[PDB]
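Structure first, commentary second.
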Amino acid sequence: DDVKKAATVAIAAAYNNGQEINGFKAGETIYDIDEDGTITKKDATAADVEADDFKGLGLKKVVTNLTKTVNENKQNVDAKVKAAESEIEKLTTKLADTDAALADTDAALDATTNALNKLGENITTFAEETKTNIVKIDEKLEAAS
Amino acid sequence: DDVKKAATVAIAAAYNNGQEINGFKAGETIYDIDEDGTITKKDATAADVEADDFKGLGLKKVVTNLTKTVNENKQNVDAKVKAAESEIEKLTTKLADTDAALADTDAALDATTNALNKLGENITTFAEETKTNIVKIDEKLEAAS
Amino acid sequence: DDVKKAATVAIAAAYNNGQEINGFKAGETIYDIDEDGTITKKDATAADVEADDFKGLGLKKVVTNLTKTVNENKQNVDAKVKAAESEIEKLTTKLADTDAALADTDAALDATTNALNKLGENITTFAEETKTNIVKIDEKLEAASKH
Ligand SMILES: [Cl-]
């Protein structure tokens, strides 16, 4: 009967879909359904398993593992980014301390430059007044002879 | 008949696979198939739902949500990395401005050091010529008794 | 018979589940099962395909592609983070070189300030000893005048 065959194909088809969802291993019974509706009862070899889309894991196991990978990869990158941001924060505070110390260096350099200029002007005046006094003395001596 | 039984198992199995793909909720009819091929018509409890791999969501809904998570996690990290890189770009420009200001400080310090050395050489000569002149006058006075 | 119908529904249901796992395309036979258990043999249109959850790809193909996306996105971000960290490492070494050069500038500025102060102290003494000497000579001349 054609109803006997249809029930047989349906069992085999439901069985195979179940293995796609829940997986299979070497030795486990697998059914191959022909275009002619001919059902072949085989046993999954190491080849069938190794060269399967998910290597006999099944859709449920793969999706569960993928969910684990997605979350693990997010935790891992979130912590790498938090590390880099902390390094950036420490470089910012150090660069701010460097700029502050340079501003102090400039203020000290400017006070040193100004003191040098004042000393130079004070020496120039003193040298001019000394020259004038020595010249006056020489003239009093050059006259007294 | 064994064909009656086979059709019944096939319906129950196809129903069960459909729930794995499309999901189930508390109250919804669930079928438990025995190794003996005995089909039990139960009703999904809150336990069956809460302690299910995807909590009755089904493979389609989970994979759809996972695709949403993957893309959302990529947008989120891409923007955190773009933020960190902008902070790095601003630290680079500021450090380059700091090094430039320090190079100017060094040039100004070298000019101050050089002017200080020249001034020191200039007073040494003046001080030497003053000593010579005072000593000559002292001799002119010591002679004139 | 009710067993004839049950076998027919089961075939159609198993066929549909298979399409959800392995996918479909426009033209491919699709079965629509009624609540009444009435099976309708249709042909997937461009609408059925375009407005499907995974657009007829099937669960296997979507999960395989998603695995590719997850790994590609991890490789891509791992390299962007490795790039940023290398930039951070180079900024650290340059900032350390800047701080070292500033410490040298300060030491040189401190030596210049100290040499300026000593010079100012030496000129003051010389200037004081010169006034004393000119003043003594001026007195030796002023006395030698009052005769
Ligand atoms: Cl099925």
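Miscellaneous remarks
- Of the candidates A:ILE33, A:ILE21, the single residue that is over 29 Å from C:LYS68 (Cα atoms) and in contact (Cβ under 8 Å) with a residue 24 or more places away in the chain is A:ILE33.
- When residues of region C:35-44 are limited to those that are part of a strand (DSSP E or B) and out of contact with any helix residue (DSSP H, G or I) (no Cβ under 7 Å at 6 or more places or on another chain), the one farthest from the ligand (Cβ to nearest atom): C:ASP43
- Residue match in region B:33-53 (condition: in contact with a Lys or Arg (Cβ under 9 Å, 6 or more places away or on another chain), closer than 30 Å to A:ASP78 by Cβ and of a type in the set (A, V, I, L, M)): no
- Those residues of region A:48-76 which are part of a helix (DSSP H, G or I), in contact with a helix residue (DSSP H, G or I) (Cβ under 7 Å, 6 or more places away or on another chain) and of a type in the set (A, V, I, L, M, F, W, C), in sequence order: A:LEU59, A:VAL62, A:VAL63, A:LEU66, A:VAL70
Okay, residues lined up against (1) within 16 Å of the ligand (Cβ to nearest atom); (2) more than 7 Å from every other protein chain (Cβ to nearest Cβ); (3) surrounded by 18 or more Cβ atoms within 10 Å (Cβ to Cβ); (4) not aromatic (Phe, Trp, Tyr):
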residue	(1), (2), (3), (4)
C:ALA46	no, yes, no, yes
C:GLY56	no, yes, yes, yes
C:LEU66	no, no, yes, yes
C:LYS82	no, yes, no, yes
C:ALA100	no, yes, no, yes
C:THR112	no, no, yes, yes
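- When each of B:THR92, B:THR113 is tested for being farther than 30 Å from C:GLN75 by Cβ and either under 17 Å from the mean Cα position of the chain (by Cα) or of a type in the set (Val, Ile, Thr) (or both), the lone residue that passes is B:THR113.
- Among (1) under 30 Å from A:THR67 (Cα atoms); (2) surrounded by fewer than 16 Cβ atoms within 10 Å (Cβ to Cβ) - the single one B:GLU89 does not satisfy: (1)
- Boolean, C:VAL70 is away from the ligand (no atom under 16 Å from the Cβ), of a type in the set (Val, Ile, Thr) and within 12 Å of chain A (Cβ to nearest Cβ): yes
- Subset tally (residues that are within 13 Å of the ligand (Cβ to nearest atom) and facing chain A (nearest Cβ under 8 Å)) for region C:1-12: 2
- Breaking point among (1) in contact (Cβ under 8 Å) with a residue 24 or more places away in the chain; (2) within 43 Å of the chain's Cα centre (by Cα), for A:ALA84: (1)
- Looking only at region A:13-34, and only at residues there that are of a type in the set (D, E, K, R) and assigned to a loop (DSSP other than H, G, I, E, B), the one that is farthest from the ligand (Cβ to nearest atom): A:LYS25
Cβ sites come from the backbone with ideal geometry, for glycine too, and all protein chains shown count toward neighbours. Throughout, read-outs are computed from the coordinates displayed, never taken from laboratory work.
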